[PDB]
Structures are given as structure tokens and as C-alpha cells.
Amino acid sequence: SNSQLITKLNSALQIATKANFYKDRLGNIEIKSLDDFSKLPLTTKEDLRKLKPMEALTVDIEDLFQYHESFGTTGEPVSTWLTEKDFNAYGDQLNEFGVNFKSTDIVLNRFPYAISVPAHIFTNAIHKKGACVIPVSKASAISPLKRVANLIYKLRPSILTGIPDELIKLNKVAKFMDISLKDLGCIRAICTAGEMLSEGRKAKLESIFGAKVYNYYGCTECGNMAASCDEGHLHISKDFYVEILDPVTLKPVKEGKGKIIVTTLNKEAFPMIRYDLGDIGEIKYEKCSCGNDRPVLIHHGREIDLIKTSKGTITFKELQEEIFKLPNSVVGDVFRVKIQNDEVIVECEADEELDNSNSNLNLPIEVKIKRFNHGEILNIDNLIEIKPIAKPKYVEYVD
């Protein structure tokens, strides 16, 4: 049934248009098809920024339950009220695919509970299956990586969750503490989210931790649009309608990569009608061997993370996919990307310098691997510090 999906898209509009923002550019216009839908104006990040938090609201103050934002201080941020239902929906989305949380599971939650949502909805999800949350958080004086390393050694949790960046550092700090988190033999699964994950970097994470990885694709304003199957592919949540548009035309593509627009099927506080995530990807419709009937998504990363020389363009994913076919000797787990004077330079902490003259990348553009020394791009001494913290110290005996 398109009949259902179309019923839903319409509901979403009827709620949305409770709010000035949505009414003064969608009125009471109904729709009869996806194509008639695709005629409707996109909703941009920069649109929502201009909104007071009371302008980003389709429910009564009474139904408010949580609040969230852009964690980033760089750029005006986006109010995202949630009702209990909405919050609970987000959580269910994490459970819809992803790893199978058991009650016997103890889960180290390394996502920031400060203002972001992934921390909170993962908790929601995990509690739902009867498992235990260790609220370590992130970017808190309270829980630097040394402590997290000790926490894992001590508590032996069965699942780690954290943005793949932090998880790579965690393993570095821990290895500098003479701890192989992998050999503990207690971590069966990982939950990455908050940055795009190549199959190459996913396979890196799996080799480090010796665990299966489940990746979760979401955002504050929407919820969690997709997550990994056992086979490794993201799948799209039933609570969303995902379109792939052409960067320039802004029309549905016939196939292949494109801008990722999402509409909320199941969020009532302020629904996302055709929201421009600003990412790149593609929906496949071949049924995954996992057996799940929902459609697979290939995430190519953010739009600004496209690699554009004169001689072509590639997605950050495509770049990464090729980087990480090279040995760890030449690439490693710490890298950044400079595009300058019409060349692509990947700077990598690694032991060996690469031929480059015999690099033999299978990309439509030229990419060089510039070698660095471990610790030069990522300073380990910055991560190992522990600030002592406690309650205020008001009463001093000078003895």
C-alpha cells in the first residue's frame, strides 16, 4: 500500500501546519502521490535556525517532555521539542534494527547526555530490553578516557556505544594503559552513531574491539532514520519517508546518489516535512539477505565532505572505502583530508611511507597518502589527562 504511506504523509502535513512556519508555505494543500509530494518546498537547516523555540512547536506546553539542540556552538542551533510518545518513538527506532539488547547486557554509553539526544534515546532503548546502562556520557570533566578504560576493565560491559572517533581514541588511551580492551573477552557488540561510517572504518573498529559493529544513522530533529542489520547494511525506519534528490535539479533521482531528504511519519511536536539533512546517499531496494523487508540505505556522508577536484568529485565514503583497502602500515586509524591546488592529500599516522607512484587507487581522481608519525596528528597526552573534580572546597585548615 502506497495508501498507508500517503495517508501518513498527509497526517504529517496536517499537524505541521499547526505551526506558522509550516502553514505560511504549505497551507491546507493535500496530496495524492509521492510525486505531488516531491513538489513541496524542502525544509533546510538554515530555515529552522531562524525559528524561536515557540515557533517550532505543534503541541501544547503540557505535552512537552524533553528538549534538545545542535550540540555545536558553531552556528545558531535548532530547537527540537519532544513529547513522551516522540521520545519513545526515537528509542524504538534504535531497537527496530541494530544490535539485539538482552537483559543480561551491560552497556557503556559513551554519548553526551549534555543537550544531544543519542545518549538519552539509547538509554530508553536499552532499558526497554531490560539491559543495564552505564551513563559515562562524553565531553564531561567527570569521565575522561582513562576512567572509561578503567570502567571497562572493572565492569566488563558487554556493549560499548560512542561516536567512532572517540572509540578509536578510547582504544589508544587504553592501550597506553597496557589494556587490550579486545582481550578482556567481554565486548560482543559496538554501537556507532553521530558520524558517517565506511565499511572500511567499520571493519577497522571490528578488528580493534573484536566485536560486531552496528551503526545508527539519525539526527536531533528527526530521530534515528536507520540502523545496521546482522549483514551490515543500514535499513530505513518505518517511521520515515526518505527521498534521494539530485544536488542541482532537486528532483527525485531515478537511481544512484543524491541529497537525502526525510519526512517524519511519527513525530508530532514539530514534524520534519522534506528536511534537508545535507548528507549524500542512495536507497537500494534489493532485499537484504537479513530478510528484513525495509529498504537498505547507503550513507555517503555530509555534502560539505564531498571531495571536489577539477577532474571529478567523490563522496567521503568512496574516498574512505579505498583508503582502508591499504594496509594499516600505511593508513592506520588516524587520518585527515586536505584538498589543495587541485590534489587530494590524505594525511595518515602510519609506519610506512607509500609509493604513491605505485599507489594504484581505483578512484576517478588522484589521491596521495601523506605519511605522519603516530601522535603528531592526534596528541595522546591531551587525552590521558585526568582533572580532579569534587564538590566545592570552602573550609580550609592551614596546619
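Residue positions are given as counts along the sequence shown, with the first one as 1.
Between 50-58 and 361-369, the higher mean Cα B-factor belongs to 361-369. In this entry, 285-293 shows the higher mean Cα temperature factor of the pair 285-293 and 158-166. When the C-alpha B-factors of 201, 212, 317, 251 are ranked from the entry, the top spot goes to 212. In the PDB entry, residue 65 places in the middle third of its chain by CA B-factor.
Residue 31 sits in the lowest third of its chain by CA B factor, as recorded in the PDB entry. In the deposited entry, the Cα temperature factor of residue 229 sits in the top third of values across the chain's modelled residues. The entry lists a Cα temperature factor for residue 178 that places it in the middle third of the chain's modelled residues.
Sort the modelled residues of the chain by CA B factor and residue 111 lands in the lowest third.
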